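Visitor: using only what follows, build the 3D model:
(chains A and B, ligands or ions: 9)
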Protein chains: 2
Amino acid sequence: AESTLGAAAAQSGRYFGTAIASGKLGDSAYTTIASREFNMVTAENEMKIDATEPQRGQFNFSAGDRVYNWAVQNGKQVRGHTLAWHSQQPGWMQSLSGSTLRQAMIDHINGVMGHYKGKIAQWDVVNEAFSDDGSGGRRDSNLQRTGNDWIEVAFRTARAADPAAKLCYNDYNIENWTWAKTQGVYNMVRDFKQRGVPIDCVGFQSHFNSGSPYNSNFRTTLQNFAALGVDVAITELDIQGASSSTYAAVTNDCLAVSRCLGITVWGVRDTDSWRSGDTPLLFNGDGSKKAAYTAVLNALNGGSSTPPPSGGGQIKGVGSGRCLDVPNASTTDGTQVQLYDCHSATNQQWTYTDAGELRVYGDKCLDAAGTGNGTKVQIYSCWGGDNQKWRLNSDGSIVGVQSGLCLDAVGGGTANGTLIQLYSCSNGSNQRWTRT
Amino acid sequence: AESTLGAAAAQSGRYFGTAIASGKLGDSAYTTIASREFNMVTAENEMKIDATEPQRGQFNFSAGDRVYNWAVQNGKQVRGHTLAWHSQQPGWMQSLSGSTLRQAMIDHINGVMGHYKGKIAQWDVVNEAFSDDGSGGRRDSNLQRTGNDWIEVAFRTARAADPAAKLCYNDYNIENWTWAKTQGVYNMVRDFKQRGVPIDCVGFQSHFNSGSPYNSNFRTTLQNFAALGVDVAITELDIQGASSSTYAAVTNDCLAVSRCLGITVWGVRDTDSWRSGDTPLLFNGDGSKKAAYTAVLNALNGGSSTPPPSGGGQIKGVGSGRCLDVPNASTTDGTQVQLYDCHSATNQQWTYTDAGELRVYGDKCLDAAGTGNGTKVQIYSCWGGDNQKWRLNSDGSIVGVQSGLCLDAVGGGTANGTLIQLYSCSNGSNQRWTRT
Ligand SMILES: O[C@@H]1[C@@H](O)[C@H](O[C@@H]2CO[C@@H](O)[C@H](O)[C@H]2O)OC[C@H]1O
Ligand SMILES: O[C@@H]1[C@@H](O)[C@H](O[C@@H]2CO[C@@H](O)[C@H](O)[C@H]2O)OC[C@H]1O
Ligand SMILES: O[C@@H]1[C@@H](O)[C@H](O[C@@H]2CO[C@@H](O)[C@H](O)[C@H]2O)OC[C@H]1O
Ligand SMILES: O[C@@H]1[C@@H](O)[C@H](O[C@@H]2CO[C@@H](O)[C@H](O)[C@H]2O)OC[C@H]1O
Ligand SMILES: O[C@@H]1[C@@H](O)[C@H](O[C@@H]2CO[C@@H](O)[C@H](O)[C@H]2O)OC[C@H]1O
Ligand SMILES: O[C@@H]1[C@@H](O)[C@H](O)OC[C@H]1O
Ligand SMILES: O[C@@H]1[C@@H](O)[C@H](O)OC[C@H]1O
Ligand SMILES: O[C@@H]1[C@@H](O)[C@H](O)OC[C@H]1O
Ligand SMILES: O[C@@H]1[C@@H](O)[C@H](O)OC[C@H]1O
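Guide: Numbering: from 1, shown residues only, chains lettered A, B, ... in the order given. Ligands and ions are numbered 1, 2, ... in the order given. Coordinates below:
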């Protein structure tokens, strides 16, 4: 299996999940994508403190079970999120402190895990317990104020409530190894494992953006925590701008770590994202697969037999043996591309960008004017439109994000001058290409 | 004078307008921009057929007058749009055909022009009467079916109704001289002039996109029509992607033809556009100027006597002599840029794209991780965010679209290694940059 993210991940014993919003389970466009692509589910909000215990001692597992049931019935495991957190607590808990609060925490953990006992693969017992000031220490919350040992207490309680569930510590900004926050969490987990504190995994939310960008050392971070004897999981992945290279990089980081259980992206479509403005997911609002989607799938499936091109290269048709060429090195918008004998020349040098464009001359983009069969493929000023974004299938076909159609050599032409158009993908040789 | 589009355009004896939507005049941010930048107004829908004559014989100018009143109150002239058209006809007119339709057409023209008699600078008497099948013939509508002479009849009627108004024939896809449609309208206009049919102008909608891309021959198209003895006007300008170069090219084409009266963009902010999806206007949804706005303004002001860096190039600050440099030529996202001795290296080669980005390495973008003062300017994967878009002002300053702040060398730094940040513009030497 390797046509969907979930199946591709399963090949290596891993999973590819998402965050499910109970309210969207009635939207077939939403559920059609979610049920097909993912084999792990996290309730976006339905299993949080305020949602499961609106009143102390008064547990409401309605919305939560709705998500749990849908997940299991559709062949997905579940990550419980989350049991002890300073954020999203019921109004009553936000007022508690010291001994009373500590007690409420314990009770809550027992209540939720009791109800779900033996059904949850991973539980984010404690979430975001460290600050971002740079000190590398605990953030000041009513929870921390109950004593520095709360985290440890939460995990012991957790193990007790349900020993079959993997207990994780979940946080954000602990992906970059050089960051103090990261080191603070690292030391704690090292401490816990040495003292025998029950903790089985560390969740790296992985919310990357210009404020806190992804860094290649992320893999080093995972390997380090892995060496401590705890599993690692990418829990809430979303990348501002959904760069193909970054998504693929995070994917390979997990595949490179034997203890990395899997990857979960925080949402289905960009429009479902808590940060839609950053279009940080793998699917467009119209449900179409984004450039990064294919980048992730290809990574999960084992990459290419030959190391991919590094900016600026040729694209020759398999059936013709000729290259994607812009007639007479023209640079005027609207010029339809053709096939031509391969040779070193700017008008045959295409660069695949992280945004999914196929650039030429530096600021011109492979462009599709329309979404139907026969649409001419031309060059046009780059502007980021979905009709200028393409997915590089591992089978050699290049699919337009917006149209869902393949680059096609008209009438299966192989001669110089054959024009390129969009057409239903057919696996024909006039729809397959190799990049250098 | 030269700070706003209207005032700049006025320095060449031309106007710069927009399309106003009555339902948006209650939006303060919209009116603030609209009132400041344009001196010519077109009702986006309020003066159309269905809006001005709901039932046959019953005129209604409430919606049209709201726009008109606002236009005059803010010192703008008005273009009446539109009197005879196959589209947006009220249902009672859609039902008409033959001589009944012909007289209805005439009756509509007299009623609307009568109401606005002496108040309209230009009237789009007839709109989109030519086919779009690429043959250059008449569009098949109930109007055309009343007889080939309907257009002529509309103009003669219009002249008599308000002799003070300039009578225009408006249409789209008539910008590229090679298109059959463009030639068909030319032939018609030429025929009207030779036979004495009253027509004073031809409006070129200029709705450019990858399906109907702007072409440099547009200038000849304008010249050709101008030669027939009529004025020309870019009436509904918007460019898919809003390329800075294309917006500048169109502007220069109009300024190159003495008979080109002015330029009207079809909307204020991209969010106000009938095609927001193509982010085709000059202003963002938050009201900030796009890189294309600056390009248009600079062109209106005559541009620079020194050609911009055609692909690649360095950026050197005046009060620093140093060139924008990426530390150790790194390629890691989040790397704050600095100033340094201008050497021949790629980590100093910045390309200003038509989308407004400052790219280095081919696919890395000058990025702003915030909007406030002090925000560190770094490089990040290009994805199109406004925090990656920049405007190159004529005063040598580079201001961030999203932030509205200027690139600034920390504490007036000038020595190698000075970090770059975002700070309120100040004409300070540590905020002016030169490029060659
Ligand atoms: O609620 C939390 C956010 O406040 C948090 O914000 C992060 C702060 O550090 C910045 O560098 C990040 O870019 C920004 O996302 O993110 C996690 C969320 O749970
Ligand atoms: O719908 C929103 C959720 O998507 C959001 O989820 C949180 C995002 O930041 C992460 O650090 C947290 O772990 C995660 O739960 O919470 C707010 C809710 O309104
Ligand atoms: O170049 C285009 C061909 O690639 C295209 O091929 C069709 C693909 O779908 C199959 O079911 C058809 O049998 C096959 O001909 O045909 C159109 C042509 O322009
Ligand atoms: O209603 C009109 C549209 O039908 C028209 O559509 C254009 C047709 O030619 C294509 O090449 C263009 O891309 C497409 O926009 O555009 C103008 C609009 O008023
Ligand atoms: O709000 C929309 C208007 O912006 C739109 O305006 C028309 C666009 O196509 C041009 O060819 C026409 O001349 C112009 O009036 O009309 C539809 C309306 O919903
Ligand atoms: O320690 C971290 C520091 O290295 C980074 O630059 O900014 C965030 C801090 O938490
Ligand atoms: O684009 C083609 C060019 O690359 C080749 O060299 O000569 C023929 C052109 O059509
Ligand atoms: O980035 C700088 C590099 O471009 C220069 O050559 O040497 C000093 C570095 O800091
Ligand atoms: O360089 C900055 C200067 O331009 C501004 O005026 O004041 C703050 C400084 O950091």
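
Visitor: I figured residue A:179 hits residue A:171, correct?
Guide: No - at 11.1 Å, residue A:179 does not count as touching residue A:171 under the criterion of C-beta atoms under 8 Å. To be clear about C-beta, it is placed using only N, CA and C from the backbone, and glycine gets the same treatment.

Visitor: more neighbours: those two, which one.
Guide: Neighbours were counted for residue A:179 and for residue A:171 using other C-beta atoms under 10 Å in any protein chain shown; residue A:171 has more, 23 against 19.

Visitor: bridged to that one, which residues?
Guide: residue A:204 (DSSP bridges).

Visitor: what's it in contact with, if anything?
Guide: Taking C-beta atoms under 8 Å, 6 or more residues apart in numbering or on different chains, we find residue A:171 in contact with A:127, A:128, A:129, A:130, A:181, A:185, A:203, A:204, A:205.

Visitor: domain parsing for chain A?
Guide: Listed domain ranges for chain A are A:1-300, A:313-434 (source: curated CATH domains).

Visitor: how distant is the shortest one from the center of its chain?
Guide: Computed by C-alpha atoms, centre = their mean, to the nearest Å, the chain-centroid distance of domain A:313-434 equals 28 Å.

Visitor: does that domain come close to chain B?
Guide: Yes - residues of domain A:313-434 contacting chain B under C-beta under 8 Å from any C-beta of the partner chain: A:332-334, A:351, A:353-355, A:361-363, A:367-370, A:378, A:380-385, A:387.

Visitor: in strands only, show me the residues you listed.
Guide: A:351, A:367, A:368, A:378, A:380, A:381 (DSSP state E).

Visitor: from ligand 2, how far out is residue A:278?
Guide: Computed as C-beta to the nearest ligand atom, to the nearest Å, the residue A:278 to ligand 2 distance reads 13 Å.

Visitor: so that residue sits against residue A:267, correct?
Guide: No - using C-beta under 8 Å, residue A:278 is not in contact with residue A:267; the gap is 11.0 Å.

Visitor: of the two, who's got more company?
Guide: Using other C-beta under 10 Å, the more surrounded residue of residue A:278 and residue A:267 is residue A:267, with 26 against 20.

Visitor: what sits against the closest residue to ligand 2 within the stretch 251-400 of chain A?
Guide: Ranked by C-beta to the nearest ligand atom, the top residue of the stretch 251-400 of chain A for proximity to ligand 2 is residue A:274, at 3.6 Å. Residues near residue A:274 by C-beta under 8 Å, 6+ apart: A:44, A:266, A:267.

Visitor: go with 10 Å
Guide: Applying C-beta atoms under 10 Å, 6 or more residues apart in numbering or on different chains to residue A:274 gives the contacts A:19, A:21, A:44, A:45, A:207, A:236, A:238, A:266, A:267, A:280.

Visitor: look at it and give its secondary structure.
Guide: Taken by DSSP: H, G, I helix; E, B strand; the rest coil, the conformation at residue A:274 corresponds to coil.

Visitor: would you map the helices across chain A?
Guide: A:5-10, A:28-37, A:49-52, A:62-73, A:98-116, A:150-161, A:180-195, A:218-227, A:244-255, A:291-300 (DSSP state H).

Visitor: shouldn't residue A:4 be in contact with residue A:16?
Guide: Yes - taking C-beta atoms under 10 Å as the definition, residue A:4 is a contact partner of residue A:16 at 8.3 Å.

Visitor: who's more crowded, these two?
Guide: Neighbour count, other C-beta under 10 Å: between residue A:4 and residue A:16, residue A:16 has more, with 27 against 17.

Visitor: quick check: bridge partners of that one?
Guide: Going by DSSP bridges, residue A:16 forms beta bridges with residue A:263.

Visitor: against residue A:325, how distant is it?
Guide: Separation of residue A:16 from residue A:325 (C-beta to C-beta, to the nearest Å): 38 Å.

Visitor: what's the neighbour count on the residue nearest to residue A:220 when sequence neighbours are not counted?
Guide: In this structure, residue A:220 finds its nearest non-sequential neighbour in residue A:177, 5.1 Å apart by C-beta to C-beta, 6 or more residues apart in numbering or on different chains. Using other C-beta under 10 Å, residue A:177 has 18 other residues around it.

Visitor: the spatially most central residue of chain A: what's it in contact with?
Guide: The centroid of chain A falls nearest to residue A:265 when counting by C-alpha atoms, centre = their mean (3.5 Å). Taking C-beta under 10 Å, 6+ apart, we find residue A:265 in contact with A:5, A:16-19, A:37-38, A:42, A:206, A:234-239, A:242, A:247, A:250, A:273, A:280-283, A:292-293, A:296.

Visitor: and with 7 Å instead?
Guide: With contact set as C-beta atoms under 7 Å, 6 or more residues apart in numbering or on different chains, residue A:265 has these partners: A:18, A:237, A:238, A:281, A:282.

Visitor: check whether the fourth one really touches residue A:269, as I assumed.
Guide: Yes - at 6.4 Å, residue A:281 counts as touching residue A:269 under the criterion of C-beta atoms under 7 Å.

Visitor: higher neighbour count, these two?
Guide: Using other C-beta under 10 Å as the criterion, residue A:281 and residue A:269 rank with residue A:281 on top: 28 against 23.

Visitor: picking up where we left off before, for the contacts of residue A:274, which one is nearest ligand 1?
Guide: Ranked by distance to ligand 1 (C-beta to the nearest ligand atom), the contacts of residue A:274 are led by residue A:207 at 5.1 Å.

Visitor: just give the closest residue to that closest one, not the sequence neighbours.
Guide: residue A:172 (5.3 Å).

Visitor: report how many residues lie close to the residue lying closest to residue A:326 once chain neighbours are set aside.
Guide: Residue nearest to residue A:326 in three dimensions, not counting chain neighbours: residue A:347, with 4.3 Å by C-beta to C-beta, 6+ apart. A count of neighbours around residue A:347, defined by other C-beta under 10 Å, yields 22.

Visitor: and residue A:347, how far from residue A:364?
Guide: Distance of residue A:347 to residue A:364, given as C-beta to C-beta: 10 Å.

Visitor: show me what counts as buried in stretch A:270-290.
Guide: A:270, A:272-273, A:278-284, A:288-290 (16 or more other C-beta atoms under 10 Å in any protein chain shown).

Visitor: now those in TSV, with distance to residue B:214?
Guide: Converted to TSV, these look like this (distance: C-beta to C-beta, whole Å):
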residue	distance to residue B:214
A:270	30
A:272	36
A:273	34
A:278	31
A:279	27
A:280	33
A:281	34
A:282	34
A:283	32
A:284	27
A:288	28
A:289	31
A:290	28
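
Visitor: restrict those residues to those near ligand 6?
Guide: Among the buried residues of stretch A:270-290, no residue is within reach of ligand 6 (C-beta under 6 Å from any ligand atom).

Visitor: so what sits opposite residue A:233 in the bridge?
Guide: residue A:203.

Visitor: and it, how far from ligand 4?
Guide: Residue A:233 is 47 Å from ligand 4, where distance means C-beta to the nearest ligand atom.

Visitor: list the contacts of that residue.
Guide: The neighbours of residue A:233, taking C-beta under 7 Å, 6+ apart as the test, are A:122, A:168, A:201, A:203, A:260, A:261, A:262.
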